[PDB]
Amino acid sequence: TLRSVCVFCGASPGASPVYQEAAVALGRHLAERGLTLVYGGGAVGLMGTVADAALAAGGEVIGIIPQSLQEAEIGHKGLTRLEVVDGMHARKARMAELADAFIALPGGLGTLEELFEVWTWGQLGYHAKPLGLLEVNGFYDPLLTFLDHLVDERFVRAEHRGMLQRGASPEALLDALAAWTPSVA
């Protein structure tokens, strides 16, 4: 049973409307499902979009932001709660602490470092929470090819590769996350 899902996503909006459309769909779906959205607390780019969509649908949203980005004034003013913490490391740990699962929408370097870090925490046995990519057109295609090469070349175990789900539909991806177990090897 999922109750809260942490979403990682770009601080930019992306070069085309498809990214914002996916963000909207994800945000709306989480709220419709009774799930709490946990995220980095921004009002810019896809961060803004996913939070606004969840809020507009009546969902609870918890933003977790380091003081450094907060005084850079990027912080959302309409959330259920906006938690200001001491540093990026504390931020990521808090986000993970409150989440039952993790979803990456498209984003850049920060989105990817968040995802790979939480994934590594799973690999190392710090949590057993599933992760997933919300696919938007072919955005994640080459990353997926790369990630499967890691398994073929034996730098990543099949069971750790299997912590990462994927789907183009928020409903189908959330279903996969909610049901995820190491038993389906």
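Position 1 is the first residue in the sequence shown; the rest follow in order.
S.K.: Read off the CA B-factors in the entry, average them over 141 to 149 and over 66 to 74, and name the higher stretch.
M.R.: So the stretch with the higher mean C-alpha B-factor is 66 to 74.
S.K.: So among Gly125, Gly27, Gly48, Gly132, who wins on Cα B-factor in the entry?
M.R.: In the PDB entry, the greatest C-alpha B-factor among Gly125, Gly27, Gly48, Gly132 is found at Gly125.
S.K.: Consider only the C-alpha atoms of the modelled residues in this chain, order them by B-factor as the entry records it, and name the third containing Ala99: lowest, middle or highest.
M.R.: Middle third - that is where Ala99 ends up once the chain's C-alpha B-factors are sorted.
S.K.: Thinking about Cα B factors across the chain, which third does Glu117 belong to?
M.R.: It belongs to the lowest third of the chain when residues are ordered by C-alpha B-factor.
S.K.: Give the position of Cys6 by CA B-factor within its chain, expressed as the lowest, middle or highest third.
M.R.: Ranked within chain, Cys6 CA B lands in the lowest tercile.
S.K.: Considering only modelled residues of the same chain, in which third does the CA B-factor of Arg154 rank: lowest, middle or highest?
M.R.: Tercile = middle for this residue's CA B-factor.
S.K.: For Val136, return the chain-relative third of its C-alpha B-factor as stated in the PDB record: lowest, middle or highest.
M.R.: Within its chain, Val136 is a middle-third residue by C-alpha B-factor, going by the deposited values.
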